[PDB]
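From first to last, the protein sequence lines are chains Y and z.
So that you can map any letter, position 65 of the first sequence is 65 in the entry's author numbering, and since no number is skipped, the others follow by simple counting.
So that you can map any letter, position 16 of the second sequence is 16 in the entry's author numbering, and since no number is skipped, the others follow by simple counting.
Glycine is no exception: its CB is placed at the ideal position from the N, C-alpha and C atoms.
Before any comments, here is the structure.
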Amino acid sequence: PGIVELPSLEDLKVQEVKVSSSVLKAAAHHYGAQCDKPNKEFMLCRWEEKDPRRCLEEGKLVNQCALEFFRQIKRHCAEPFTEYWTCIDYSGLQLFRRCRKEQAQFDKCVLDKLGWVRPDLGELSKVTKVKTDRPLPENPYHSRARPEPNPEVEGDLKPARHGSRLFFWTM
Amino acid sequence: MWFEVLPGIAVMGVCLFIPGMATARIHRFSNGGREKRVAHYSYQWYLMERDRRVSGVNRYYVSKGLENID
Ligand SMILES: CCCCCCCCCCCCCCCCCC(=O)OC[C@H](COP(=O)([O-])OC[C@H](O)COP(=O)([O-])OC[C@H](COC(=O)CCCCCCCCCCCCCCCCC)OC(=O)CCCCCCCCCCCCCCCCC)OC(=O)CCCCCCCCCCCCCCCCC
Ligand SMILES: CCCCCCCCCCCCCCCCCC(=O)OC[C@H](COP(=O)(O)OCCN)OC(=O)CCCCCCCCCCCCCCCCC
């Protein structure tokens, strides 16, 4: 069949978010609050195109928005954030319930200096709506032409011509 | 009298104290002074292998924070 069409290595180069999973988990709720729109454009493009090769520009916008998010954290509230993700990072399961005072420090400094509000319980799990400008994929499964079905039955059901026609049975 | 049973119970209690304190100090020794990462589920393992990739020294416990970005 056809040759698979991959993007080049220069199409995949982007400045990475080189932070740990506890760093990402510490500012996860503010990341969901502040980086909503390009992330949801990307995940809508990802569930509609069903192809990661059709989602590279949206992923690059995701990475750019995440980098601007952590640069906006680092300029204003770097030390309460470091105090908070170190305490998140200590735990094996990385509990949020173990670190509520460092969370209160980080959320206080973030609300005072950056105006960000941490979302309530239930908000990040909402199904939102996304205003895209790309067209809707007309055939994302690349489904070919379907086979035409067998013809249905029609007409009034007349009696059997001369019965069963079973050798001599006249009915 | 009855306190004569206490040296044996004390030795048995030290022998029960050694495995737990030992594995706690070993999990803090092999993980950078922290708890061992519990990866019961595949998302926790994906985050853990992402830590192993972003640390650069093939160790998940090397935490990289805001100093690793510009
Ligand atoms: C307004 C409302 C009121 C209207 C009223 C109208 C009616 C008035 C009269 C009232 C009574 C009606 C009776 C039924 C209608 C007539 C049926 C008929 O004669 O068909 C001829 C039928 C075919 O001949 P035909 O000249 O082409 O058709 C003339 C008509 O158009 C026949 O019409 P057809 O073309 O539409 O027939 C359709 C088709 C025509 O037939 C065919 O297409 C051929 C295939 C038939 C079956 C062949 C099977 C062969 C292998 C098995 C053999 C088994 C052993 C034989 C018997 C051993 C002894 C029991 O019939 C069948 O296939 C039915 C199966 C056979 C049963 C026949 C009816 C029996 C009714 C009484 C039962 C009493 C016991 C009888 C003995 C049991 C065995 C029959 O003849 C045979 O098959 C010969 C076998 C004997 C038939 C039975 C005769 C009926 C009267 C028996 C009275 C004496 C009983 C004595 C005591 C019991 C035995 C010891
Ligand atoms: C996790 C913790 C586990 C701990 C397990 C052990 C619990 C008990 C701890 C020790 C308690 C005291 C033990 C005393 C042993 C008996 C000593 C004794 O009386 O030895 C006398 C015997 C003869 O001496 P002799 O020179 O002939 O005397 C003439 C004097 N005019 O001399 C001899 O027989 C020679 C010397 C023998 C010395 C034996 C010492 C005890 C060995 C027991 C094994 C376990 C020890 C602990 C191991 C873990 C810690 C290092």
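Check                                                                                                                                                                              : Outcome
What number of angstroms, rounded off, separates the C-alpha of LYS13 of chain Y from the C-alpha of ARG146 of chain Y?                                                            : 40 Å
Quick one: grab the DSSP three-state call for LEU166 of chain Y.                                                                                                                   : strand
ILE73 of chain Y to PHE81 of chain Y, Cα distance in whole Å?                                                                                                                      : 8 Å
For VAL5 of chain z, is the beta carbon positioned less than 7 Å from some heavy atom of ligand 2?                                                                                 : no
Could you check the C-alpha separation between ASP107 of chain Y and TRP45 of chain z for me, to the nearest Å?                                                                    : 28 Å
Can you name, in chain order, every residue of its own chain whose Cβ lies under 8 Å from the Cβ of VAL62 of chain Y, other than the five neighbours on each side?                 : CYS35, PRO38, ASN39 and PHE42
What does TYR90 of chain Y touch in chain z if you count any residue whose Cβ is under 7 Å from its own?                                                                           : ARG34 and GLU35
Evaluate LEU95 of chain Y with the Cβ neighbour count: other Cβ atoms within 10 Å of its Cβ, from every protein chain shown; 16 or more gives buried, anything less gives exposed. : exposed
Given a threshold of 16 other Cβ atoms within 10 Å of its Cβ, counted over all protein chains shown, does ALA10 of chain z qualify as buried or as exposed?                        : exposed
Taking only heavy atoms of ligand 2 into account, decide whether any of them is closer than 7 Å to the Cβ of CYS35 of chain Y.                                                     : no
In whole angstroms, give me the CA-to-CA distance for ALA33 of chain Y and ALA22 of chain z.                                                                                       : 43 Å
For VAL54 of chain z and chain Y, any beta-carbon pair shorter than 8 Å?                                                                                                           : yes
Closer than 9 Å by beta-carbon distance: list the chain Y residues that pair up with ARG25 of chain z, in chain order.                                                             : Chain Y residues near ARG25 of chain z: none, gap ~15 Å exceeds 9 Å.
Check whether the Cβ atoms of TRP85 of chain Y and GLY65 of chain z lie closer than 8 Å to each other.                                                                             : yes
Cβ of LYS131 of chain Y less than 8 Å from any chain z Cβ?                                                                                                                         : no
Whole angstroms is fine: what's the gap from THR170 of chain Y's alpha carbon to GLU148 of chain Y's?                                                                              : 39 Å
Run down chain z in chain order and give the residues with a C-beta less than 8 Å from the C-beta of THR82 of chain Y.                                                             : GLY65 and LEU66
Can you give me the Cβ contacts of residue 215 of chain Y inside the same chain, cut-off strictly under 7 Å, excluding the 5 residues immediately before and after it?             : Nothing about residue 215 of chain Y can be read from this structure; chain Y reaches only from 1 to 171.
Measure from the C-beta of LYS13 of chain Y to each C-beta in chain z and report whether the shortest distance is under 8 Å.                                                       : no
Taking just the CA atoms, how far does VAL4 of chain Y sit from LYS50 of chain Y?                                                                                                  : 15 Å
Is the Cβ-Cβ distance between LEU67 of chain Y and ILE69 of chain z less than 8 Å?                                                                                                 : yes
Mind listing which residues have their beta carbon within less than 7 Å of any non-hydrogen atom of ligand 2? Chain order is fine.                                                 : z:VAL11, z:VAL14, z:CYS15 and z:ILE18
Cβ of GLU16 of chain Y within 8 Å of Cβ of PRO137 of chain Y?                                                                                                                      : no
To which residues of the same chain is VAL62 of chain z closer than 6 Å at the C-beta, ignoring the five residues directly before and after it?                                    : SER55
Consult DSSP for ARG134 of chain Y and reduce its assignment to one of helix, strand or coil.                                                                                      : coil
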